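Presented below is the structure to which this report refers.
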Amino acid sequence: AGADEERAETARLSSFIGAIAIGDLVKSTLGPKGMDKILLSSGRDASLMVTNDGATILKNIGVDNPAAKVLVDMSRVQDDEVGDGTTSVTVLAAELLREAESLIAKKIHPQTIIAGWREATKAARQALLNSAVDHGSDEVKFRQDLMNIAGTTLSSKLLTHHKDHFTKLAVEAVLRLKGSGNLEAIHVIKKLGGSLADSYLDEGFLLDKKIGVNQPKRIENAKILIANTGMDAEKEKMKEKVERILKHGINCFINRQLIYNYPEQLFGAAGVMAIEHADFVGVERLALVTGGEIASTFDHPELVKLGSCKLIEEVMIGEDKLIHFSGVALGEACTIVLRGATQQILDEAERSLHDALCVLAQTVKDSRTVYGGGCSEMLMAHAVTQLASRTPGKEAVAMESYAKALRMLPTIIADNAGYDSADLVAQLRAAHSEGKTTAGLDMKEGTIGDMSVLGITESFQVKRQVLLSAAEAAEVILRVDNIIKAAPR
Amino acid sequence: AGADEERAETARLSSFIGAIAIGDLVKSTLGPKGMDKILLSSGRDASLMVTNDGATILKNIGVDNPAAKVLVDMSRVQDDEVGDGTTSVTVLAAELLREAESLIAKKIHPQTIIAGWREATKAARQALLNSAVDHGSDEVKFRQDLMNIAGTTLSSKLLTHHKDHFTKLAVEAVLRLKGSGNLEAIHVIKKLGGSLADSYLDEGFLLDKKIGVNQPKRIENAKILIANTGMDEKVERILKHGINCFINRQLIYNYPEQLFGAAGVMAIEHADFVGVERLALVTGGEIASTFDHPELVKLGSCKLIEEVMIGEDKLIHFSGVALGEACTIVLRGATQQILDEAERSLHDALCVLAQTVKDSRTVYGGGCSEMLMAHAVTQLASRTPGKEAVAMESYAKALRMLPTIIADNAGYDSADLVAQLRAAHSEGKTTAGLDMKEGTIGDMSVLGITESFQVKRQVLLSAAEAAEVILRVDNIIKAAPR
Amino acid sequence: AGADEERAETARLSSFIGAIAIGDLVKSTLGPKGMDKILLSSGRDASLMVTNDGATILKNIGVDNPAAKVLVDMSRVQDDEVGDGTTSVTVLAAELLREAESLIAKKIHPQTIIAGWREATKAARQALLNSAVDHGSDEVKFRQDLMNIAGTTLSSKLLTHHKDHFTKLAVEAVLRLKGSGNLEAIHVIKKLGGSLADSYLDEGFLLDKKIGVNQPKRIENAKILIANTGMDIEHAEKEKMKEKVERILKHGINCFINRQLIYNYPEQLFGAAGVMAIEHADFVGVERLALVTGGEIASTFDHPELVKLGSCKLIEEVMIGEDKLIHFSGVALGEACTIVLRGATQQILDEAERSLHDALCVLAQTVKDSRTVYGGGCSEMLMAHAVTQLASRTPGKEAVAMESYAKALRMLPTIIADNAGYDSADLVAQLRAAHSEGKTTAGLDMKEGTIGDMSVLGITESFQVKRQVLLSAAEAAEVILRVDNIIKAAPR
């Protein structure tokens, strides 16, 4: 008959239900002992996908009408900002909705209560001044570079047997990236072949193509040629390419498409390595790296093109054949390569590096971090309980509810571990209350322990953005009472 | 039929439903501007009954199968010990059940949570000590004797125009009681007569019975005779003793009646047993059996027994008891719905402040006690280990509703009230509380409203044990209306 | 949004039902006494098919909605390593699910229980150390080459009267193949027409194709040509003809094998030359054969002489009781050989195809491992006695999960006895007393109805079959229970 209409308490309920459904699935995926989840869907799915990253799975699908997709969409902007470690920001937003049950008892104006969000700003910043944070990584740093936050991101993920080693590698990659440049030229790829190292580092850019079985194994003081057009009377074509080639000393040719067979015989004898159907996206990054070139007709060699002469070679990774470009003069652009166990757990690493590279970039800019494993959450909770009573009252109603929202974070960490959640809460509050910031939830123990020995740390950046953002994501939904007058029909 | 057994959610549900149904009706009653309700029942009641006092209506009727009657039955023992004034204890027990729906999320063991009840006992003792109570009320006292708690008990009642004066009088009655002997021998009745005072204080015991048309009008240096067995030998035993009055708890045979008139002895036909039992303690007692009962077996006090006119109608008074352990109270009323209410109020008044001289401790009224207690209970949950804390912290916000109910009956918006209330209590001023006449927060002490320390200690334990018996135990349930 | 969302208990139920549904049909299959079972379906299913192999029927059809096909698919990779014996891996994986009902009562994180599988690895390798393991195959081996495990694999099979004889033959085949990296070029099929042997051994590799009715009847010291590209105005055609004849002649070419369609013109040429060619030869046959011959490089018609490697002994078309088949033989390599099965002509004949897969993998393993364990469930009861101690030994959560895994082993003795035709209850306790005492040889005797000496029977299971099954069962069960979501992901 018309538009979707909900009034008073019913409008509140739709938002309320969406938050509870998401929280139970996400809880098992938090901190150093999370659970892998496999998802099955019909049509245009073709099977099951398993994601250990909460943000990636929510973005992909809009299962039903109940509002949550827009809230979910927001987490990605956060991902660019800092994004991860462990997924948990979504869970905290969900918790605040449980409170609205006691609100009906309040019975007057729900938006006056919204002052809690005003309060949230005051409560949020008490964690952004208080704690113990850390002494931030000064720059490059020999051993404080990793085996810390990256490991924690990994710990919720099972592959952390071989994988924690990979995580250690990521900081080295960020160090070259470090300073004023921001994020550019990082694409990193993985393979179906297993090796103990499970990762190779490249000075320049990494591809995955071979000229053919024949051709010189290694090229040095290399000249690089990039052609927009394909190589696809015939002898005349052959000759133009060879005469221009020999004078230059051309060491490598890269073409973004199919390549005609005659050129291939020529390149092998000359001592020149060529690449068939190189993807266009890889090529654009390479141009910035080598100083660039103008890609025209076979006239394209000589001065219309600029070449970087350090080291280009093709080596066998272990199973799959790849080609290594390195020693770029520009230095601005670099490439990371990962190896793995070989199943799906490995593809997880594909998921992990994208998340890991950006967080580290923020780590150098922030120069501040906080203890992980929920150590940060309990300390703040002790401080916030005191605050509600102290404020006059309108302020107090609002302030106290926010404070108890912090409490199940310890619970969520412990619950996914496989230990009794209430028991965990009892011991945890006492250690934080005493004054030890290092102490936190230890999932491996089943109780609590020293977070620092683990080396688990969370970026200072994740805590400031979540606190301000959580209030805003929750506030929009709660602030508006009754939604009516819309449907197209 | 017969016995029943209960399953997971349904068992909890039966207890859960009982608490919510009773909370709403009792809710209007609390506070100075509470309102009366009238109930009619299924053929054993005879008519419409209106009771301002929450406890009286619940005791009289066992409406349905759900566990509530045993919870309800307990409130009267509380009344005996102290719990009266305004009904609040039942309300307090009832919202603890709401927390249980939240508790389903708490997937572990509900009984573990139960450990919270003596944690709560710690909370009761945490509450007691941590809250400035009072330092006044030395004994008898010129002005702190009342114009305090009785007035608040009365405040929830409309009568408080002429009636607040009556409440002040109640303390004089306790003043004569203080000493060694306990709380006993208090009886109150009302009469048809208009007066601004609306009461008189009487020294002796009030009774209203007469032997017959003939007999001496007044007896002097009276001896009292009590017989367990009915009249349905007497002169010979009587003359030697010098008996002046005979009291029998039952029907009296006609033949002896002629004898008593000529002798000059006043007898009482069908005297009620409750007055008689008290009397035995009063007169030194007697051994009540068959007609052998006279002389030494019985002891009789002997000041004066006479029939006196009390303003209007004629009444008989027993006074001048040698023992000194028992007394009686008589009230005269203008007549209205609220005067026999004094029956309700005096019974309650006696327990509230007799207790007050014994305690030497009281707390500020008008909800001053509840917000302060709420302020310090929140810290305590955090102070205690965390799973203990989860149960303890839920208890702490429970106290929040009392401030809201006090204000709500006043006529002022509840949201604003909660807000202004907490800031004054948090600051450290115990005297400050909810001033309903203001609609805001004010000085409770100026009002003169104070609560007996026992009402607060006793309510806490009574609520804890009563709440504990629910969540714990199965065997009940509810079905359909009327 | 056709996504399937499963909730805690419901999530177990889909999988729980899938495990129970498959368990009953597979159960009758195990032991010396088994049930044949045939299935009929509408739409591109002309007639009933009989499966004495739990694995074969499960792979062919994905009958219902509930997840189990991937679990089912996995059993075949097992088949490559060891496979057969009797179908027990699926049964054991399913039995673990039934005590999960007990787990709801426990009412804690289900994943905590998962520690039992790690516990299972301990149990899995104690299937080792609890065996004195035969002592010495001695490679090749005179008398105990077979009349052992193959017989057990076939004991459940209906054909055990005549067929136990062909099972015996299978080990001779493995002996030829020694250099025990299981199988290269081992291809055997069932053939029509009866014989007492019900099987024949060919020194070479079989096939089922002919060039044409005309051509020389047979070839000697034959050279083999294999072409990737097909043989597929007249004067232009003749040149194509000439290239093929001019260089074919120098070699002395006796046989040509091409995988795909063959052009008609060369066919006349081959007959006069004295060369036998094969039209549309199957690719799978061709490279295994190539391993046998010495591996050629297949290019364009330049392919003759050296770029082709031809082994020469005897290539001929030989009448085999029935039809008439093409046989390649006398391979120099010796590494790869072919066994040809024959039968009366029974659906049960199709049994041999199953049996073959079963025969090849276990025997190859038996020679490399030089270790094996007693069959008939001897291994299973002994392991069960040890695991009971483990449950009591470990505190709290670990004992509950370890204990449940331990009782799972108890059911296998019951299934072994149940298919026998004897009372299962009596069998279980008598069995436990002999294993507890310390006799590894003692085990379930299905014909006996009671417990007996397994070694006399000759039934033994490869050391690999026991270590891998136990690890595999754990992983198969873990993929479901371990993960509590199963929802969303795919734009639409």
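Every residue, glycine as well, gets a Cβ built from its backbone with ideal geometry; the counts of neighbours run over all protein chains shown. Basis: the model, the stated rules and, where named, an outside source; these are not laboratory values.
Name every residue in region B:376-400 that is of a type outside the set (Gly, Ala, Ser) and more than 20 Å from B:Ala93 (Cα to Cα), in order of residue number.
Scanning region B:376-400 gives B:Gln379, B:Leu380, B:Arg383, B:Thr384, B:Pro385, B:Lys387.
Could you check region C:364-373 and list, in sequence order, the residues that are in a helix (DSSP H, G or I), touching a strand residue (DSSP E or B) at 6+ places or on another chain (Cβ under 9 Å) and closer than 27 Å to C:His162 by Cβ?
Answer for region C:364-373, where residues must be in a helix (DSSP H, G or I), touching a strand residue (DSSP E or B) at 6+ places or on another chain (Cβ under 9 Å) and closer than 27 Å to C:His162 by Cβ: C:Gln365, C:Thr366.
A:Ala274 passes all but one of (1) touching a helix residue (DSSP H, G or I) at 6+ places or on another chain (Cβ under 6 Å); (2) over 20 Å from A:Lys209 (Cβ atoms); which number fails?
Result: A:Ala274 passes all but (2).
What pairs can you find where one residue is in region A:219-244 and of a type in the set (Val, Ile, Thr), the other is crowded, with 21+ Cβ neighbours inside 10 Å and part of a helix (DSSP H, G or I), and their Cβ atoms are less than 9 Å apart, with a gap of 6+ or different chains?
A:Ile224/A:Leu286; A:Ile224/A:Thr290; A:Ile226/A:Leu286; A:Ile226/A:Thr290
Quickly run through region A:37-61 and pick out the residues that are within 7 Å of chain C (Cβ to nearest Cβ), of a type in the set (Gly, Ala, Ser) and farther than 20 Å from C:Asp484 by Cβ.
A:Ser42, A:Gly43
Which of the residues that make up region A:351-379 are surrounded by 24 or more Cβ atoms within 10 Å (Cβ to Cβ) and within 14 Å of another protein chain (Cβ to nearest Cβ)?
Scanning region A:351-379 gives A:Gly374, A:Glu377, A:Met378, A:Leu379.
Among the residues of region B:203-226, which ones are out of contact with any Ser or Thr (no Cβ under 7 Å at 6 or more places or on another chain) and under 28 Å from B:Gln337 (Cβ atoms)?
B:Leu207, B:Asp208, B:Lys209
Return yes or no: is B:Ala94 within 14 Å of chain A (Cβ to nearest Cβ) and surrounded by 14 or more Cβ atoms within 10 Å (Cβ to Cβ)?
Yes, satisfied.
Count, please, the residues in region A:412-427 that happen to be crowded, with 20+ Cβ neighbours inside 10 Å, within 7 Å of another protein chain (Cβ to nearest Cβ) and touching a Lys or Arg at 6+ places or on another chain (Cβ under 7 Å).
Adding up the residues that qualify gives 2.
Taking region A:423-475 only, how many residues are over 24 Å from the mean Cα position of the chain (by Cα) and at positive phi?
Residues flagged as over 24 Å from the mean Cα position of the chain (by Cα) and at positive phi within region A:423-475 amount to 2.
Restricting to region A:111-152, what's the tally of residues that are surrounded by 17 or more Cβ atoms within 10 Å (Cβ to Cβ), closer than 30 Å to B:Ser414 by Cβ and of a type outside the set (A, V, I, L, M, F, W, C)?
2
For region C:246-263, give me each residue that is farther than 17 Å from C:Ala290 by Cβ and either under 40 Å from the mean Cα position of the chain (by Cα) or not assigned by CATH to the domain that holds C:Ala298 (or both).
Passing the criteria: C:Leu261, C:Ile262, C:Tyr263.
Please find, among B:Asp79, B:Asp84, the residue that is surrounded by 13 or more Cβ atoms within 10 Å (Cβ to Cβ), in a loop (DSSP other than H, G, I, E, B) and in contact with a helix residue (DSSP H, G or I) (Cβ under 8 Å, 6 or more places away or on another chain).
After ruling out the rest, the residue left standing is B:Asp84.
Taking A:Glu99 and the conditions (1) touching a strand residue (DSSP E or B) at 6+ places or on another chain (Cβ under 7 Å); (2) within 14 Å of chain B (Cβ to nearest Cβ), which numbered condition does it fall short on, given that it satisfies the others?
Result: A:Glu99 fails condition (1) only.
In region B:4-56, which residues are in a loop (DSSP other than H, G, I, E, B) and either touching a helix residue (DSSP H, G or I) at 6+ places or on another chain (Cβ under 6 Å) or crowded, with 19+ Cβ neighbours inside 10 Å (or both)?
Within region B:4-56, B:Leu30, B:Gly31, B:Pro32, B:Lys33, B:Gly34, B:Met35, B:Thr51, B:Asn52, B:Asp53 qualify.
Assess whether B:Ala67 counts as being assigned to a helix (DSSP H, G or I) and in contact with a helix residue (DSSP H, G or I) (Cβ under 8 Å, 6 or more places away or on another chain).
No.
Just to check your reading of the model, which residue among B:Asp272, B:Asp313, B:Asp340, B:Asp348 is surrounded by 15 or more Cβ atoms within 10 Å (Cβ to Cβ) and of a type outside the set (A, V, I, L, M, F, W, C)?
Being surrounded by 15 or more Cβ atoms within 10 Å (Cβ to Cβ) and of a type outside the set (A, V, I, L, M, F, W, C) holds for just one of B:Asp272, B:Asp313, B:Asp340, B:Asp348, which is B:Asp348.
Please state which one of A:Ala278, A:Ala287 is part of a loop (DSSP other than H, G, I, E, B), small (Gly, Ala, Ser) and not assigned by CATH to the domain that holds A:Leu159.
A:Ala278
Quick one: count up the residues across region A:105-147 that are part of a helix (DSSP H, G or I) and within 16 Å of B:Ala419 (Cα to Cα).
So the answer is 10.
Within region C:420-441, take every residue that is out of contact with any helix residue (DSSP H, G or I) (no Cβ under 7 Å at 6 or more places or on another chain) and not in a loop (DSSP other than H, G, I, E, B) and give me the one that is nearest to C:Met35 (Cα to Cα).
The selected residue is C:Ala420.
Being out of contact with any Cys (no Cβ under 7 Å at 6 or more places or on another chain), hydroxyl-bearing (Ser, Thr, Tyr) and within 9 Å of chain B (Cβ to nearest Cβ): is that true of A:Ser469 here?
no
So which residues in region A:389-409 are part of a helix (DSSP H, G or I) and within 7 Å of chain B (Cβ to nearest Cβ), if there are any at all?
Selection gives A:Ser389, A:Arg390, A:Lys394, A:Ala396, A:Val397.
If I filter region A:297-340 down to residues being closer than 30 Å to A:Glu243 by Cβ and hydroxyl-bearing (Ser, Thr, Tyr), which single residue comes out as farthest from the chain's Cα centre (by Cα)?
Selected residue: A:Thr297.
For region C:148-197, which positions are part of a helix (DSSP H, G or I), among the charged types (D, E, K, R) and under 18 Å from the mean Cα position of the chain (by Cα)?
Once the filter is applied, which keeps residues that are part of a helix (DSSP H, G or I), among the charged types (D, E, K, R) and under 18 Å from the mean Cα position of the chain (by Cα), region C:148-197 yields C:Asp164, C:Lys168, C:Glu172.
Are any residues in region A:199-214 within 20 Å of A:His162 (Cβ to Cβ) and in contact with a helix residue (DSSP H, G or I) (Cβ under 6 Å, 6 or more places away or on another chain), and if so, which ones?
Of everything in region A:199-214, just one residue is within 20 Å of A:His162 (Cβ to Cβ) and in contact with a helix residue (DSSP H, G or I) (Cβ under 6 Å, 6 or more places away or on another chain), namely A:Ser199.
Return the residues of region A:442-467 that are of a type in the set (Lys, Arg) and either assigned to a loop (DSSP other than H, G, I, E, B) or crowded, with 21+ Cβ neighbours inside 10 Å (or both); say none if nothing qualifies.
Those that are of a type in the set (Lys, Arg) and either assigned to a loop (DSSP other than H, G, I, E, B) or crowded, with 21+ Cβ neighbours inside 10 Å (or both): A:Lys444, A:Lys463.
Looking at (1) more than 30 Å from B:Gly428 (Cα to Cα); (2) in contact with a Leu (Cβ under 8 Å, 6 or more places away or on another chain); (3) crowded, with 22+ Cβ neighbours inside 10 Å, can you tell me which one A:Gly327 breaks?
Result: A:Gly327 fails condition (3) only.
Of the residues in region C:189-209, how many are out of contact with any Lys or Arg (no Cβ under 8 Å at 6 or more places or on another chain) and within 21 Å of C:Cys312 (Cβ to Cβ)?
Going through region C:189-209 one residue at a time, the tally reaches 5.
State whether the residues of region B:231-238 include one that is buried (at least 16 other Cβ atoms within 10 Å of the Cβ) and under 18 Å from B:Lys209 (Cβ atoms).
yes
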